[PDB]
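Asker: Listed in order, the protein sequences are those of chains A and B.
Using the entry's author numbering, the first residue of the first sequence is number 4212, and each one after it goes up by one.
Using the entry's author numbering, the first residue of the second sequence is number 4502, and each one after it goes up by one.
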Amino acid sequence: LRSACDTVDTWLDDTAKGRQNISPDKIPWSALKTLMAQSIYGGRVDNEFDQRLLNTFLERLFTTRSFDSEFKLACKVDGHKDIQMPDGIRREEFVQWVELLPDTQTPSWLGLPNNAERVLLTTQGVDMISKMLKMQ
Amino acid sequence: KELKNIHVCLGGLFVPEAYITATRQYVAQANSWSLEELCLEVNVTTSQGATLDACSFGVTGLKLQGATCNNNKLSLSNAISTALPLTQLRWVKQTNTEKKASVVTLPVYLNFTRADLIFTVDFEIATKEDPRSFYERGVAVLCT
């Protein structure tokens, strides 16, 4: 994450040469995506299908469309509702958006099927029973 | 010669990857081609015991994870594993015409741990299913 933050700052400063408002289409999306595809979060990947998955997220999230009003971070999490991109221009607006996220996270937030947590949740529930019983 | 006509459970084989290479080497030998010149076409049958072409091989026990196969057209599924009755692995001369904008390459792992890749299959998706959704949901094929 820190390396990705430095890369974002390095290339944004390179393009926006001391300016107040850089055009979204002038943001170096190719530089940011490739460096994260190959070096940052990419250097750990030793699997082509995991590499393709990493490329898929980077291609979806880092474009000029991310600055559109109706950008969609995730689609159809619960079948009907989905997560919208906040229309913020300042940091505090984004932090407010994060704090207003519901406590109803499902693996569909991650692009996974909602049944991915079924076995994992079931084991923990049995694990909680075993731990409670042991302390009795 | 009867080794070609017998259906094979890839999970049972000790080295399933070598069987994939052997079938690729078998077809290129008859047609005097190179192994790089053969691409793997996959056909899934409703029932086992179907007509086996000269350049085709029957494989049993493949399990589709996160999708269903219907008429060689994958659709996303909310089930965990879908059994593939009989998968025909057919080797054909490569024509390097790229993808088809509705084709997903699915990894075929040996078991549920997905620690060992055996080979890759190409399927055609159906409806408006985004191929990227197949990538994000971890759609794959298991040998056992």
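Built from N, CA and C at the ideal position, the CB exists for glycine as well.
Mind pulling the alpha helix (DSSP H) runs of 4 or more residues that sit fully within the segment 4253–4324 of chain A?
Answerer: As far as the segment 4253–4324 of chain A is concerned, its whole alpha helix (DSSP H) runs of at least 4 residues are 4259–4272, 4302–4310.
Asker: At a Cβ threshold of 9 Å, is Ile4626 (chain B) touching chain A?
Answerer: Taking the first residue of the second sequence as position 1, residue 4626 (chain B) is located at position 125. With 9 Å as the cut-off, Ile4626 (chain B) does not count as an interface residue toward chain A.
Asker: With distances taken from CA atoms, which of B:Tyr4636, B:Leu4539, B:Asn4612 is nearest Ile4521 (chain B)?
Answerer: Locating residue 4521 (chain B) in the second sequence gives position 20, counting from the first residue. When only C-alpha atoms are compared, the closest one is B:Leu4539.
Asker: Is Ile4251 (chain A) near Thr4226 (chain A), with beta carbons less than 9 Å apart?
Answerer: On the first sequence, residue 4251 (chain A) is found 40 positions in, with the first residue counted as 1. On the first sequence, residue 4226 (chain A) is found 15 positions in, with the first residue counted as 1. Not closer than 9 Å, so no.
Asker: Could you pull out every residue in the same chain whose Cβ sits closer than 7 Å to the Cβ of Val4256 (chain A), ignoring the five residues on either side in sequence?
Answerer: Walking along the first sequence from the start, residue 4256 (chain A) turns up at place 45. Taken in chain order, the residues that qualify are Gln4262, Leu4265.
Asker: Does the beta carbon of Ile4581 (chain B) sit closer than 9 Å to a beta carbon anywhere in chain A?
Answerer: One-based indexing of the second sequence puts residue 4581 (chain B) at position 80. Chain A, which has a Cβ nearer than 9 Å to the Cβ of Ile4581 (chain B), makes this yes.
Asker: My guess is that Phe4613 (chain B) and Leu4565 (chain B) are in contact by the Cβ rule of under 8 Å, so how many angstroms apart are they, rounded?
Answerer: By 1-based counting over the second sequence, the position of residue 4613 (chain B) is 112. By 1-based counting over the second sequence, the position of residue 4565 (chain B) is 64. About 13 Å; that fails the 8 Å criterion.
Asker: In angstroms with no decimal places, state the Cα-to-Cα distance between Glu4328 (chain A) and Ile4507 (chain B).
Answerer: If you number the first sequence from 1, residue 4328 (chain A) lands on position 117. If you number the second sequence from 1, residue 4507 (chain B) lands on position 6. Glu4328 (chain A) and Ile4507 (chain B): Cα-Cα distance of roughly 39 Å.
Asker: Counting only the same chain and skipping the five closest in sequence on each side, list residues whose C-beta sits under 8 Å from that of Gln4526 (chain B).
Answerer: By one-based count along the second sequence, residue 4526 (chain B) stands at place 25. Same-chain partners within the cutoff: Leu4536.
Asker: Just the chain B side, please: which residues come within less than 8 Å of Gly4322 (chain A) by C-beta, in chain order?
Answerer: On the first sequence, position 111 is the one that residue 4322 (chain A) refers to. Correct list: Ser4634, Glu4637, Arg4638.
Asker: Between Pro4608 (chain B) and chain A, is any beta-carbon pair separated by less than 9 Å?
Answerer: Position 107 of the second sequence, counted from the start, is the residue given in the question as residue 4608 (chain B). Yes, contact with chain A.
Asker: Quick one: which chain B residues come within Cβ less than 7 Å of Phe4260 (chain A)?
Answerer: As a first step, residue 4260 (chain A) is located in the first sequence; it is residue number 49 there, counting from the start. Residues of chain B passing the Cβ test: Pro4608.
Asker: Between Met4247 (chain A) and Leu4269 (chain A), is the Cβ-Cβ spacing less than 9 Å?
Answerer: On the first sequence, position 36 is the one that residue 4247 (chain A) refers to. On the first sequence, position 58 is the one that residue 4269 (chain A) refers to. Yes.
Asker: Under a CB-based cut-off of 9 Å, is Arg4263 (chain A) close to chain B?
Answerer: The residue you call residue 4263 (chain A) lines up with position 52 of the first sequence. At least one chain B Cβ lies under 9 Å of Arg4263 (chain A).
Asker: Using the rule of at least 16 other Cβ atoms within 10 Å of the residue's Cβ for burial, across every protein chain shown, is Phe4515 (chain B) buried or exposed?
Answerer: Start at 1 with the first residue of the second sequence, and residue 4515 (chain B) comes out as number 14. Exposed, since its Cβ has fewer than 16 Cβ neighbours within 10 Å.
Asker: Name the chain B residues that come within less than 7 Å of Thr4267 (chain A), Cβ to Cβ?
Answerer: Within the first sequence, numbered from 1, the residue matching residue 4267 (chain A) stands at position 56. Ordered by position in chain B, the residues that pass the 7 Å Cβ test against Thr4267 (chain A) are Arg4633, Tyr4636, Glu4637.
Asker: Taking its Cβ as the centre, do 16 or more other Cβ atoms sit within 10 Å of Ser4319 (chain A), making it buried, or is it exposed?
Answerer: Mapped onto the first sequence, residue 4319 (chain A) falls at position 108. Buried.
Asker: Taking the alpha-carbon positions, what's the residue 4730 (chain B) to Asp4224 (chain A) distance?
Answerer: Residue 4730 (chain B) falls outside the range modelled here, since chain B spans only 4502 to 4645, and no answer is possible.
Asker: Tell me where the beta strand (DSSP E) around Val4545 (chain B) begins and ends.
Answerer: Residue numbering aside, residue 4545 (chain B) sits at position 44 when the second sequence is read from its first letter. Start and end: 4539–4546.
Asker: Counting only the same chain and skipping the five closest in sequence on each side, list residues whose C-beta sits under 7 Å from that of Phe4278 (chain A).
Answerer: The residue given as residue 4278 (chain A) occupies position 67 in the first sequence. Excluding sequence neighbours, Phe4278 (chain A) sits near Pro4235.
Asker: Could you spell out where the alpha helix (DSSP H) holding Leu4243 (chain A) opens and where it closes?
Answerer: Against the first sequence, residue 4243 (chain A) aligns to sequence position 32. From DSSP, the alpha helix (DSSP H) with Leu4243 (chain A) extends over 4240–4249.
Asker: Hey, quick one: how far does the beta strand (DSSP E) through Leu4553 (chain B) stretch, first residue to last?
Answerer: Locating residue 4553 (chain B) in the second sequence gives position 52, where the first residue counts as 1. Where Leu4553 (chain B) is concerned, there is no enclosing beta strand (DSSP E), given that its DSSP letter is neither H nor E.
Asker: Could you give the DSSP three-state label for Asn4579 (chain B): helix, strand or coil?
Answerer: Indexing the second sequence from 1 puts residue 4579 (chain B) at position 78. Of the three classes helix, strand and coil, the one that applies to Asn4579 (chain B) here is strand, per DSSP.
Asker: The alpha helix (DSSP H) that contains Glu4518 (chain B), what's its start and end?
Answerer: Stepping through the second sequence from its first residue, residue 4518 (chain B) is reached at position 17. Note, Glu4518 (chain B): alpha helix (DSSP H), 4517–4531.
Asker: Going along the chain, which residues of the segment 4553–4583 of chain B sit with their C-beta nearer than 9 Å to a C-beta in chain A?
Answerer: Within the segment 4553–4583 of chain B, the residues whose Cβ lies closer than 9 Å to some Cβ of chain A are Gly4567, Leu4577, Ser4578, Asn4579, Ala4580, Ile4581, listed in chain order.
Asker: Around the C-beta of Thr4221 (chain A), are 16 or more other C-beta atoms found within 10 angstroms, so that it is buried, or is it exposed?
Answerer: Here residue 4221 (chain A) is taken as the residue at index 10 of the first sequence, counted from 1. Classification of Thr4221 (chain A): exposed, given that the 10 Å Cβ count is below 16.
Asker: Pick out whichever of B:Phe4558, B:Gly4639, B:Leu4585 has its Cα sitting closest to the Cα of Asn4571 (chain B).
Answerer: On the second sequence, position 70 is the one that residue 4571 (chain B) refers to. Among B:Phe4558, B:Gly4639, B:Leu4585, the Cα nearest to that of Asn4571 (chain B) is on B:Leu4585.
Asker: Counting along the chain, where does the alpha helix (DSSP H) carrying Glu4625 (chain B) start and finish?
Answerer: Residue 4625 (chain B) sits at position 124 when you count from the first residue of the second sequence. From DSSP, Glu4625 (chain B) is part of no alpha helix (DSSP H) but of the beta strand (DSSP E) over 4618–4626.
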